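Remarks on the structure that follows.
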Amino acid sequence: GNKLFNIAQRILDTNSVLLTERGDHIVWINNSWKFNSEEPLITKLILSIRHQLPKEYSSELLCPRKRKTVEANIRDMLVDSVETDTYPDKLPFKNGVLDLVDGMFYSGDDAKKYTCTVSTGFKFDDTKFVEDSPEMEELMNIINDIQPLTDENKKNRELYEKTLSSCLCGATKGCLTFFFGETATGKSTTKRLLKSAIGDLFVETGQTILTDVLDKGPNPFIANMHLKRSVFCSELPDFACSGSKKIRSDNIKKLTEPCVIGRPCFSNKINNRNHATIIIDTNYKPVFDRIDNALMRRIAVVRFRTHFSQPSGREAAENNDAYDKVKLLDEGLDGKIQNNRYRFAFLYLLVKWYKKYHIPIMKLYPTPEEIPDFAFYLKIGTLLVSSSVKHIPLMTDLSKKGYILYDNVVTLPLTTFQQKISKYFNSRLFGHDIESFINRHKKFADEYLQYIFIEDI
Amino acid sequence: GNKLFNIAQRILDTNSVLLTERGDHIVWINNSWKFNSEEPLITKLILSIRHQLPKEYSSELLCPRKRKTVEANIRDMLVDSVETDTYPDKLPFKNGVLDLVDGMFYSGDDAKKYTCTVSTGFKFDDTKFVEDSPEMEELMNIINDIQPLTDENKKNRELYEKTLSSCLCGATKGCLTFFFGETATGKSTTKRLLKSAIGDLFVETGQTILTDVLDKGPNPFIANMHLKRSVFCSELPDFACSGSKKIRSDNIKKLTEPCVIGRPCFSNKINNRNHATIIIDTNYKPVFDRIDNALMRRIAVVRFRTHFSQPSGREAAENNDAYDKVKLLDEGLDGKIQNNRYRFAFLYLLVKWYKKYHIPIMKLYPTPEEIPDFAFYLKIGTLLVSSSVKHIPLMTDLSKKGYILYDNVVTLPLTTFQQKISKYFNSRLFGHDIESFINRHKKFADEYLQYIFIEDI
Amino acid sequence: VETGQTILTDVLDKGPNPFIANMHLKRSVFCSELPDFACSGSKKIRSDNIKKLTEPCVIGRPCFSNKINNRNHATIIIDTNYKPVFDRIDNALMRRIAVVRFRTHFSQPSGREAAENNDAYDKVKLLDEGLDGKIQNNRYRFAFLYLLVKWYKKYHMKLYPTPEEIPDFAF
DNA sequence: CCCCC
Ligand SMILES: Nc1ncnc2c1ncn2[C@@H]1O[C@H](COP(=O)(O)OP(=O)(O)NP(=O)(O)O)[C@@H](O)[C@H]1O
Ligand SMILES: Nc1ncnc2c1ncn2[C@@H]1O[C@H](COP(=O)(O)OP(=O)(O)NP(=O)(O)O)[C@@H](O)[C@H]1O
Ligand SMILES: [Mg+2]
Ligand SMILES: [Mg+2]
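Chain order of the listed sequences is Z, G and S.
All the letters of the first sequence, read from the start, carry residue numbers 323 to 767, 771 to 782 under UniProt numbering.
All the letters of the second sequence, read from the start, carry residue numbers 323 to 767, 771 to 782 under UniProt numbering.
All the letters of the third sequence, read from the start, carry residue numbers 525 to 680, 684 to 698 under UniProt numbering.
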């Protein structure tokens, strides 16, 4: 009774082909879920699975025509969709899934339950996923060189560890991180170590995702981040020189959301799932077009302060205040990392840090005090208090301080506000910021401002 | 004779395949109407419906080639189009349709009468659609935190509810709503809750639909809005720092019409039905290039004024006038909502609000007062009116007031008009607006304005 | 179909524009709610578009199309309250214009006395509220069609210029 | 379609 339909029915009963909500067909081959939009892999699954069927059914699947017929039947059978990539604490490899909470490695049907449609791209080797090894010792020395274990670097080192370990989580993070340092401090070394450790879950993009409009037309540079767990942007075009495009704060806000809008070439899929830790490597501090409390909530900075130099340039490097430590450059490290020598040692370190910093919830917090741009605003937040009903009685002496009440609200005229605020910031140094604050928060009635200096109280 | 033609005739008689006005082919599979432009579903329907046909006819449908022949017959037989999505009070699910007027869930042929070709994408559960539940108390607490039940917030809160309930109606709305507030006020929480509640009827788009030419070319960002009952745009590139493209009033007007123009890749359907409540998440009020009563009549604003902060930054949050209340941030809420914990509780709340605000006709009303960009024009309503032929005798005092009789109609000079305007408002903060108004109302005979102030009478 | 005032102040070729393209075989077009020209500082009425739009063909790219020529059958009527002052006055606009005069006043009883004294309004009547309700019912559909057919038969055909009807065409 | 413009 239509042998080929029966074969398709059995293959469907195995649950090895699924239809996803984006319209892709994912197949379970070699202990991983795979898909290829440009070329479906269903006939590959049919050929591979021919060994699990009766003897008479297997001999039909050696003809490509019959495999195509079975594929047509399977495509007509799949009507409903499924959801994929819903477990944030599972690390998919090419031959199984690693449980980050437990540490157990699963294969076969154990790994199949988590419909992880992405993977590192390499096989998990449990012989190399060990704590004691010469590779581990070399990597420990390298890491302690890049981020020393001193008391002045404790917070910075902890933030470094937490940011690197968050690249294993399949969830949406609320902060973008800047690896900030001078030249030859180990930022690219860390980037390449992470890329080696996490394989295909890592991606590099261009700066257009920070300075251009994401929707526009086709944009693979934003559609390629779909389901990635780490996104790297490098070589910030510093903006001290005139004409440089600033970073769009709305781009930051859009990149911090669970879904990002953008499509590739020849595609109608306009929304991409955002699971990525976004890191920007820079020698210069960022400059944004507009500054507000929404942006100051999504920025963290890690600093690199160890210089690796040739013997000729060491002495001068010792007289630079951008460095706290000067070491000798090792010319064989780049090739060693390019060969994936520290892949599993760094993976073990990342898993250990994930355990360490995953008190029930792992959350990335901002560091607004590390950005000079924000400085002014922070200082303002420590100087002024919004006028409230509790300040009405204080008017008794507020008049002696220059305060004039109006509509039951304490206010200070523009001239008085300028006189009082010139005592905290240099007019030339903080001209644009002070003017912007005045314009943004100035009232009218002759201009008024609803703020009281904490010192007067 | 011609068994396959007879099978196609029977399938056509079942009424499970229809041709829409745009030319879509909609099929009825698994208790829902479905269409996939770039992936026809007629052969899936043939395979699924083979069971209703006689015994001899069903065995022929196991061959993909025979199914393709039957599909060719069926689509040659379909000459007349039908009307779809004409009931705005039916909510379609993956297994039936819910009546919003009464609250009865239909399945099978009962749901088939309403040709609802879109659905939430998930199955309606009767057990979880309950008024009392542990999740309902948490949802009520969250919603009350975001929009407190206080007199000062009464009216605003209602608008909130109304807008949210309007996401259930399958009709065209005449307003665009702006969710306005400072950072960490619950706007994105509300958006995620609504997305969870209404599934696939919710869509997210880019800001291009607000600041670009809708015609252009193949536009998936507009083609994806077809038959959607909720469209969200986020992160307006505000204009505090001037230099960004403004919102086009032409797009605002095109987005309130029953039909929109936009076509996907590899498809020819430039016509999309507009059922969507359009909501914009912003930290800054909008600014448009042109202001006119046509644009001023389709804008509404909802305020968010509750701050959720960590204990470290709470005290400062208590001295900001942008917040009426400060709460404690919960780090588990995001993951709870992302896992669809409050899907059915929020659906029940939305249905209750729909019943409450759907007295015979539900309508969305603009709130032009909130927008400051519209402020000056509004003052013109109380500033001056257009003189009629009834202001002849008044000129007896008009000469005393400054106006000079001319053409038997009250009129004012340019300098006199400027002097009179100076009384209502100061040109220091509105001088450019005064100049624009003078140019707009300029009349030349040596230019005079035939406008009468209300106070003048 | 009705058209706005954008066409009278914008170029045709430009980029993606559906308004001009949808004119294909469309049998009428009215520019309504005109941007009164008395507003100094606003762009004046362009005459190049007036001359071009009357051509037997229409040049312009329909959205998501690849043809820049379309049939032009629409009858062009521009309805406004203010006099037209062309941006540039030449022989083309002088010989390619006309004017229709309306002097019927629909005024409410409250404002009838004030409205009647207006010189512009010659006959003043009481506004009929239900007429709009009768318009949407399409009750005057066949009657209007019959009247239009009668007028077309009686008048048949062309449109003569009215240089005197426009003040700016005086000098 | 994208590119191109
Ligand atoms: N212990 C060490 N750890 C890391 N890198 C080391 C170490 N010893 C030597 N190096 C090398 O010193 C150089 C450090 O610069 P590298 O990390 O490549 O770039 P960067 O300083 O991050 N970026 P840039 O400023 O643009 O040059 C590389 O050649 C490293 O391989
Ligand atoms: N009761 C509560 N109601 C709403 N959000 C809450 C509540 N308790 C904690 N939160 C959290 O507080 C945070 C507020 O952020 P969010 O909901 O995105 O606000 P927002 O106003 O959209 N922020 P922003 O884009 O910066 O202006 C989120 O982590 C919420 O989950
Ligand atoms: Mg480098
Ligand atoms: Mg938000």
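Each residue gets a CB set at the ideal place from its N, CA and C atoms; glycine is no exception.
Of all Cβ atoms in chain Z, is any one closer than 8 angstroms to the Cβ of residue i?
i: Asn-546/G; result: yes
i: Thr-342/G; result: no
i: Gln-529/G; result: yes
i: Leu-751/G; result: yes
i: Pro-542/G; result: yes
With a cut-off of 8 angstroms, does the C-beta of residue i fall near any C-beta of chain G?
i: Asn-605/Z; result: no
i: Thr-472/Z; result: no
i: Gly-539/S; result: yes
i: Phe-610/S; result: no
i: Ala-616/S; result: no
i: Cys-497/Z; result: no
i: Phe-588/S; result: yes
i: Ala-622/Z; result: no
i: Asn-417/Z; result: no
i: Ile-683/Z; result: yes
Please list, in chain order, all residues of the same chain as residue i whose beta carbon is under 6 angstroms from its beta carbon, the five residues on each side excluded.
i: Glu-393/G; result: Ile-364, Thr-365
i: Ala-667/Z; result: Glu-457, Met-458, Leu-461
i: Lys-567/Z; result: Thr-533
Run the CB neighbour count on residue i, radius 10 Å, all protein chains shown included, and call it buried at 16 or more, exposed below.
i: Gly-508/G; result: buried
i: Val-339/G; result: buried
i: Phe-626/S; result: exposed
i: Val-609/S; result: exposed
i: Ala-506/Z; result: buried
i: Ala-644/S; result: exposed
i: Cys-587/Z; result: exposed
i: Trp-675/S; result: exposed
i: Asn-605/G; result: buried
i: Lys-678/Z; result: exposed
Once the 5 residues before and after residue i are set aside, which same chain residues still bring their CB inside 7 angstroms of it?
i: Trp-355/G; result: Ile-348, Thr-437, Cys-438, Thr-439
i: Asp-755/Z; result: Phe-698
i: residue 307/Z; result: Past the edges of chain Z, shown from 323 to 782, lies residue 307/Z, and the structure says nothing about it.
i: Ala-767/Z; result: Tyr-728
Pick helix, strand or coil for residue i, following the three-state DSSP scheme.
i: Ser-631/S; result: strand
i: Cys-489/Z; result: helix
i: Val-673/S; result: helix
i: residue 769/G; result: There are no atomic positions for residue 769/G here, as chain G continues from 767 directly to 771.
i: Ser-370/G; result: helix
i: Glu-691/S; result: coil
i: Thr-527/S; result: strand
i: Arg-620/Z; result: coil
i: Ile-464/G; result: helix
i: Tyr-725/Z; result: coil
i: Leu-498/Z; result: strand
Taking CB distances under 8 angstroms as the criterion, tell me whether residue i reaches chain S.
i: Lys-567/G; result: no
i: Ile-782/G; result: no
i: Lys-765/G; result: yes
i: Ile-329/G; result: no
So the candidates are the options; which of them puts its Cα closest to the Cα of residue i?
i: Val-624/Z; options: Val-525/Z, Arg-479/Z, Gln-632/Z, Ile-396/Z; result: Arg-479/Z
i: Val-553/Z; options: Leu-655/Z, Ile-531/Z, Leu-471/Z, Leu-369/Z; result: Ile-531/Z
i: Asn-730/Z; options: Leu-334/Z, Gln-775/Z, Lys-550/Z; result: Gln-775/Z
i: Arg-389/G; options: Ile-714/G, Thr-449/G, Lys-325/G; result: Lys-325/G
i: residue 283/Z; options: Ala-638/Z, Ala-622/Z, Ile-659/Z; result: As displayed, chain Z neither begins before 323 nor continues past 782, which places residue 283/Z out of reach and without an answer.
Looking only at its own chain, which residues have a Cβ that is under 8 angstroms from the Cβ of residue i, when we skip the five neighbours before and after it?
i: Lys-591/S; result: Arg-585
i: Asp-695/G; result: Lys-607, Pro-608, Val-609, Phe-610, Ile-613
i: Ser-571/Z; result: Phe-610, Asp-611, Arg-612, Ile-613, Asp-614, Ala-616, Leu-617
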